[PDB]
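Asker: Let me see the structure of the following:
(5 chains)
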Amino acid sequence: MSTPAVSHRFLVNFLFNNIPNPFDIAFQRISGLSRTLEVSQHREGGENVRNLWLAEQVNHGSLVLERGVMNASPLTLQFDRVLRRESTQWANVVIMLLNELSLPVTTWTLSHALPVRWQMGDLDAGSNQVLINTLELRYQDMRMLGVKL
Amino acid sequence: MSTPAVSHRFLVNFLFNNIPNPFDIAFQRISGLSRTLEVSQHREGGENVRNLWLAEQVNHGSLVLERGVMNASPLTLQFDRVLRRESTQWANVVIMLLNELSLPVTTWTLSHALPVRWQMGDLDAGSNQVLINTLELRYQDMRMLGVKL
Amino acid sequence: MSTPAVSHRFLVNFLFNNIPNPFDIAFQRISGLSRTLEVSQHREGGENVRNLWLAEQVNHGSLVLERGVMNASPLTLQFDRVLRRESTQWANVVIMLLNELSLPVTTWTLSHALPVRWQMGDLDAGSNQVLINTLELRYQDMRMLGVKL
Amino acid sequence: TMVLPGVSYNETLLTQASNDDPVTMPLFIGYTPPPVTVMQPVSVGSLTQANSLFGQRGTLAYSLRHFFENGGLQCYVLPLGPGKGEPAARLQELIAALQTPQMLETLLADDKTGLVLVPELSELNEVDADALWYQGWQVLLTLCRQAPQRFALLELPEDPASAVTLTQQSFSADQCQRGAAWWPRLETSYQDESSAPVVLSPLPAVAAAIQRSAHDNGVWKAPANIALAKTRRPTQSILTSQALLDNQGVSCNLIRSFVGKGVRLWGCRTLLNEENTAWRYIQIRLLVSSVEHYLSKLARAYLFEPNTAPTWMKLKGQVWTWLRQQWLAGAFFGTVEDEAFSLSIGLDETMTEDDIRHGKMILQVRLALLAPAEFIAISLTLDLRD
Amino acid sequence: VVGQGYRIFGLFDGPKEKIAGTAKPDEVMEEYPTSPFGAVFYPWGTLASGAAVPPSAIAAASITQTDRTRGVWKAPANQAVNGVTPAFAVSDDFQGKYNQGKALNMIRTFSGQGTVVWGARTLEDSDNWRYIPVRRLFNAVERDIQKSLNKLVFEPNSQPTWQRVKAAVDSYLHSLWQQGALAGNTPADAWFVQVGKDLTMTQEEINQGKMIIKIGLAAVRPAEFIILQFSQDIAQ
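Answerer: Residues are numbered from 1 along each chain as shown, chains lettered A, B, ... in the order given. There you are, the coordinates:
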């Protein structure tokens, strides 16, 4: 059987409408994409032994990203504009894992992602650590691709 | 006395109505099937020393499944259709333990299981781990079989 | 002074009305029987320094049982009938500790116990463990006997 | 064409199955009415089954009709044969048939009934009558003494100084304990095929009042204060025959009628005329044998077990649970459990090591029972207060 | 085959006709051997398809259900056999005549427990070999020991081989003690195995190829009688 996919190589591509060039930014800690369907349980009168689950509404999670405090990229300059309320532009994000050669084995492809939260790491006098800042986006739809679905 | 059953060999069979062939998929971490009867306590006027429990409604749990990110099976292509709301098909699931030879010693046999949640593992730069995705189903009835009940 | 009672030898006897023979089943992990009296605090006008507790209603706990997945006993066939709602029979349970010889030193003697919950253990590919299932009963009255009360 | 499915009409009986209650089940042992087997007891269900088996006119046939119209649930009938005729000869072959050893092989191997009743000894009134009455009771009082849990339902002759000489007759204490007589014979409302009424023994009306006030109220209550349904009057009142008030014989039960309420059963007190021994009061004999019937049901569940001390305490825990629930249901006297019942199985409590090696398992039950309210002793106090 | 020693247990039949009650237990029980390897079981069956089941087959079908769920040391009696019905109703005054002596072993039906076999005694009334459990326990012990010791035949008849015999029996009987088959609250009160050169066999008996092992072991006797002693007093 083919070997499963490990989780320490990944590219992320962003495409805003403010910014003319699509840019690719390296992260440390992409959190993880959930997708819940939100059923509800109904209880019938004469039926006491089975359950009844009724499908309603697909809920998508959130894209939480982590990287170090490095030079100003086109994405930390873009969260600065949205969190100062100077723009409300959102982007189409493409996230993909890479195998041993270079090849994309799975792709996640988020749509209309909106920057909603910046979170700075701690400043501590005895710490021995890189200052990590936490970024967080809310998207509208999600569409996973690739050969390793 | 006969030896108790260990919990590291198990097959899972799915049968959808979209898909013409019944398929068998290997998982890592089937969670566990609960079945509660949901009694309620009544308090009588003159009786202060005994209790009174009244049976109402059988509640079934949920089938949480875990496997690695591998090639696209007929079940991850089927959760993709249900969570994109292109179908609302559900399946009859058969789960069974195996003894030393090959023989099914217990069988759990779920009915009308509906895919309700996908959950992706973490992408971390220093991680050394397989990307595990978490699948979750809500079924209507449950019927355990086998010789080791 | 006489030696206290240790907690790793115990018999459990069940008596249903469906089943003509009283059967005795070995468990791993009987949880523990509580019995609360449910007082309530009243506050009087001129009295600020003492309390006033008024007795109401005796609340009994629950009998949670654990054993491995073994061959089908007359009790796991009986929880299967009650949780499929084919019967609502309940049993008189007798639990007793044993001393060094064989002798029952304490006896707990539950009345009208009703099977209310089945809970299956986890199926994990690397686990090295016996599949333990958890059983749970709600009884009406409780009456402890024996010489070591 | 072949078949015509539609709506028909017929008078077949669907029937019902199993009313249980073996202790308060009557057993009628009259002669077969003129294709049931000549000896095996027959389960009679509703009153429709009593007519489809035994007709409508006879002596056993009127007693079954007076059983189910007084609220009887289920009865068994033990036939004996198509009797002779010339009724002074049927009624000494009846007693001679009840003295056979083939009666014991049918009563001991029965385990479905618990009230022995021969309603055809009322025909002795027409008819030595005294000799026939005493070996009519004493044959029935030994078939119940011998059987594990049966109670005789007896009756007195109508004429005083023939009912006086029957109570002033010798009966052993063991036998009196289990059997009762109700004196006044009942004048029913059934026609005798003419204007005159049918006069039946009170005992099919009694056995229906026993097992309905044990089904409704519990067997511990009392069989008395029950209105008899389809009776005009008792044939003799106690205001015209002050005999049987002589305190020199077996206890008797009076059936009377009142003004604002009908014909009442007015007594529950066995043939033991003993003031302290609590084996009088019918419901005491019928409660403690209803506890015999269930405690020996769960005793023989633990029968071919080891005689080790775990199986002794497996049996106490089941008996203690059951006896505590009947105390909280109102069957036993006592405001605490320590004075309601007691259990004492063990190795040097009841048994001994010689009893264990012979394969015995001895369990002791003590009980505290309820007393009737037979007499209300009203008093009045003035309490002056200025 | 009992005189040849084959460790079997016979299950015979009672009379197909109704035993009266004036019949005597001596003249009725004279067809049957006086060996402790047999039981008789009177009342014949009336199977639901109208056919008649021999009462040895009712008794053998309650041995299968007992030898799984409880073991060979537990009585085959109170286990209920389905689909059969006793032909005759039997009282317990009738079984009291037929219990001591040759042990007829009735087949009785009760409300609840439908058509159990009611009795567990063999064809001799002795202190050792009454009770079908304690005979069939030793039949299972003596056959599982010789299946273990037949793999030690034609070994050299020496003192290292005698130690391997008595440790193969102590290992069998210790597992049998700790599952309830043997009566004793310590291993010294439940069994003993003994083999020596001045204990169980002599040197003139070694030279014939013989190896005498003596094994004593205590079995658990069942309860057969339950006495319910009742007291009451009204309003006290």
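
Asker: So what sits opposite the most centrally placed residue in chain A in the bridge?
Answerer: For chain A, the residue nearest the mean C-alpha position is residue A:63 (2.5 Å; CA atoms, centre = their mean). Counting by DSSP bridges, residue A:63 forms beta bridges with residue A:137.

Asker: residue contacts, it?
Answerer: A:30-31, A:33, A:93, A:110, A:113, A:136-139 (CB atoms under 8 Å, 6 or more residues apart in numbering or on different chains). Every C-beta, even on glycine, is put in place using the N, C-alpha and C of the backbone.

Asker: Spit out the contact partners of residue E:209.
Answerer: By CB under 8 Å, 6+ apart, the residues touching residue E:209 are residue E:157.

Asker: And chain D, is the top strand by length along chain E touching that?
Answerer: Of all the segments of type strand in chain E, defined by DSSP state E, the longest one is strand E:225-234. Yes - for strand E:225-234, a contact with chain D is found by CB under 8 Å from any CB of the partner chain, at E:225-234.

Asker: Looks like residue A:110 contacts residue A:96 (just checking).
Answerer: No - between residue A:110 and residue A:96 there is no contact under CB atoms under 8 Å: 11.6 Å.

Asker: And those two? Which one has more around it.
Answerer: More crowded of residue A:110 and residue A:96, by other CB atoms under 10 Å in any protein chain shown: residue A:110, with 24 against 18.

Asker: Number of residues surrounding residue 44?
Answerer: No chain in the question, so chain A it is. 10.

Asker: my bad, the chain I had in mind was chain D
Answerer: 23.

Asker: residues in contact with it?
Answerer: Residue D:44 neighbours (CB under 8 Å, 6+ apart): D:50, D:53, D:64, D:74-77.

Asker: From residue B:66, how far out is it?
Answerer: Residue D:44 sits 67 Å away from residue B:66, going by CB to CB, to the nearest Å.

Asker: from the contacts of residue D:44, which ones fall inside strands?
Answerer: Checking the contacts of residue D:44 against DSSP E, those in strands are D:75-77.

Asker: Let's see stretch E:115-125 as PDB, backbone CA atoms only.
Answerer: As requested, the backbone C-alpha atoms of stretch E:115-125 are provided in PDB (Å, rounded to 0.1, in the frame of the first residue of the first chain):
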ATOM      1  CA  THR E 115     -39.000 -29.400  32.600                       C
ATOM      2  CA  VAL E 116     -35.800 -29.500  34.500                       C
ATOM      3  CA  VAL E 117     -34.400 -32.900  35.700                       C
ATOM      4  CA  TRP E 118     -34.900 -33.100  39.400                       C
ATOM      5  CA  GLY E 119     -32.300 -35.200  41.200                       C
ATOM      6  CA  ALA E 120     -28.600 -35.900  40.900                       C
ATOM      7  CA  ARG E 121     -28.000 -39.300  42.700                       C
ATOM      8  CA  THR E 122     -26.400 -42.400  41.300                       C
ATOM      9  CA  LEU E 123     -27.300 -46.100  41.600                       C
ATOM     10  CA  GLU E 124     -25.600 -46.600  45.000                       C
ATOM     11  CA  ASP E 125     -26.300 -44.700  48.300                       C
END
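
Asker: and that stretch, how far from the chain's centre?
Answerer: Taking CA atoms, centre = their mean, to the nearest Å, one finds the center of stretch E:115-125 at 9 Å from the center of the full chain.

Asker: Does it reach chain D?
Answerer: Yes - with CB under 8 Å from any CB as the criterion, chain D is reached by stretch E:115-125 at residue E:120.

Asker: And that stretch, what's buried?
Answerer: Residues of stretch E:115-125 classed as buried: E:115-124 (neighbour count, 16 or more other CB atoms under 10 Å in any protein chain shown).

Asker: Direction included, what does the helix or strand harbouring residue E:216 pair up with?
Answerer: According to DSSP states H and E, residue E:216 maps onto strand E:214-217. The strands that strand E:214-217 pairs with in its sheet are strand E:191-194 (antiparallel) (by DSSP bridges).

Asker: Now the element after the strand it pairs with, going C-ward?
Answerer: Following strand E:191-194 in sequence, per DSSP H and E, is helix E:203-206.

Asker: Any idea how far that next one is from the middle of the chain?
Answerer: Worked out by CA atoms, centre = their mean, helix E:203-206 lies 35 Å from the chain centre.

Asker: Identify each buried residue in that helix, please.
Answerer: Buried residues in helix E:203-206 (16+ other CB under 10 Å): residue E:206.

Asker: which strands and helices sit next to that helix?
Answerer: Helix E:203-206 sits against no helix or strand, with contacts defined as 3 or more CB pairs under 8 Å, 6 or more residues apart in numbering or on different chains; DSSP states H and E.

Asker: In contact with residue D:253: list those residues for me.
Answerer: Counted by CB under 8 Å, 6+ apart, residue D:253 has contacts D:180-183, D:224, D:265-269.

Asker: Let's see that with 7 Å instead.
Answerer: D:180-183, D:267-269 (CB atoms under 7 Å, 6 or more residues apart in numbering or on different chains).

Asker: how many neighbours does the closest residue to residue A:141 other than its chain neighbours have?
Answerer: Using CB to CB, 6 or more residues apart in numbering or on different chains and skipping the chain neighbours, the partner closest in space to residue A:141 is residue A:111 (4.5 Å). By the measure other CB under 10 Å, the count of residues near residue A:111 is 14.

Asker: which ones are touching residue A:111?
Answerer: Per CB under 7 Å, 6+ apart, neighbours of residue A:111: A:92, A:139-141.

Asker: Residue D:117 too?
Answerer: With the criterion set at CB under 7 Å, 6+ apart, residue D:117 makes contact with D:26-29, D:153, D:203, D:207.

Asker: Serialize those to CSV and add fields for neighbour count and secondary structure.
Answerer: Output for the contacts of residue D:117, formatted as CSV (neighbours: other CB atoms under 10 Å in any protein chain shown; DSSP: H, G, I helix; E, B strand; the rest coil):
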residue, neighbour count, secondary structure
D:26, 29, strand
D:27, 22, strand
D:28, 28, strand
D:29, 25, coil
D:153, 25, strand
D:203, 28, helix
D:207, 27, helix
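
Asker: restrict those residues to contacts with chain C.
Answerer: With CB under 7 Å from any CB of the partner chain as the criterion, no member of the contacts of residue D:117 is in contact with chain C.

Asker: can I get those in CSV with distance to residue E:179?
Answerer: Formatted as CSV, the contacts of residue D:117 follow (distance: CB to CB, whole Å):
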residue, distance to residue E:179
D:26, 50
D:27, 48
D:28, 54
D:29, 53
D:153, 54
D:203, 58
D:207, 53
